[PDB]
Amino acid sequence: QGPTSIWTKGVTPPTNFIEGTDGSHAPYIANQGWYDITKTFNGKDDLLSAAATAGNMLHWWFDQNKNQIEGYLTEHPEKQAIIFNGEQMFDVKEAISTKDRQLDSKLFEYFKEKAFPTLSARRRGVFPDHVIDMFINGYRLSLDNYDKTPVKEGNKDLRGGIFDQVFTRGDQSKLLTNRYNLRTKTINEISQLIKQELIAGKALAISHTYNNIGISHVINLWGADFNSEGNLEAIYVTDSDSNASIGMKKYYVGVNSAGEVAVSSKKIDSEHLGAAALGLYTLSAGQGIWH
């Protein structure tokens, strides 16, 4: 009969929550284990919600794997930088140094400027698991694939494969990502999945319907509140579309009038149907796998 709460491994719950114009938010504080990559809307990042979300999860991943990554980069120093012909496009140490920045992290800068510079202009986006599977394992990110990454040997995507000397292509046990359909699932099914993935020590992203830019939006899910019945009541999220001053938002979770498990900055109501939950993406730290 008590309302229990569960946070992502290595994240300090914010407590600075203030009433805003639409719902409760906790402005971002550095070095608390969560991340809030924020779009500038510069032409290039406008439709990269998924790449921002993947970036936030990769920032979290850098924290989980700090020692393992510094070990790896000494054993394989050629994997530190990415070069296209003559030019250094990316340096992973630069990404790690700048991981605390909402607006000007080198990781999101790489994504919007070098990896996916044309996708926004072409009214196109990505899936956050594809971005991670590219960045870590070197799996080729295809604009034609709307399902999971095909787990098969193949050429390193030139835009990534930094950790592909440990997290190889075509080996299921070295795949760190997963995705789950939430559409038409019950509050109990969605709640147990999110519970399980959080207690398992995964980073989480959730997609919901969007009544604007695209049709779906993906955000980072850092924490959840579960009621007396074990069902989600609220989630704590960062949203790349929210300006840098917002930070962590509290969304109510419930079953709306239309029978959808929905998220809303306001309590689910006869007057507030929120946005339908569509998908869940997870990232493992992969701590079994190093060495």
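Just count from 1 along the sequence shown to find any residue number.
Asks: Per the entry, where is the mean C-alpha temperature factor higher: 197 to 205 or 142 to 150?
Replies: According to the entry, 142 to 150 carries the higher average C-alpha B-factor.
Asks: Using only C-alpha atoms and the B-factors in the entry, which stretch averages higher, 80 to 88 or 105 to 113?
Replies: The recorded data point to 80 to 88.
Asks: Sorting 131, 221, 213, 218 by Cα temperature factor from the record, which one lands on top?
Replies: Answer for 131, 221, 213, 218: 213, with the highest C-alpha B-factor.
Asks: When the CA B-factors of 177, 181, 118, 97 are compared as recorded in the entry, which is the largest?
Replies: When the deposited C-alpha B-factors of 177, 181, 118, 97 are compared, 118 is largest.
Asks: Considering every modelled residue of the chain and its Cα B-factor in the PDB entry, is residue 70 in the lowest, middle or highest third?
Replies: CA B-factor rank for residue 70: highest third.
Asks: When the modelled residues of the chain are sorted by Cα temperature factor, does residue 36 land in the lowest, middle or highest third?
Replies: For residue 36, whose C-alpha B-factor we compare with every modelled residue in the chain, the answer is the lowest third.
Asks: Taking the values exactly as deposited, rank residue 15 by C-alpha B-factor within its chain and report the matching third: lowest, middle or highest.
Replies: Middle third of the chain for residue 15's C-alpha B-factor.
Asks: Taking the values exactly as deposited, rank residue 266 by C-alpha B-factor within its chain and report the matching third: lowest, middle or highest.
Replies: It belongs to the middle third of the chain when residues are ordered by C-alpha B-factor.
Asks: Based on the entry's values, in what third of the chain does the Cα temperature factor of residue 42 lie: lowest, middle or highest?
Replies: It falls in the top third of the chain.
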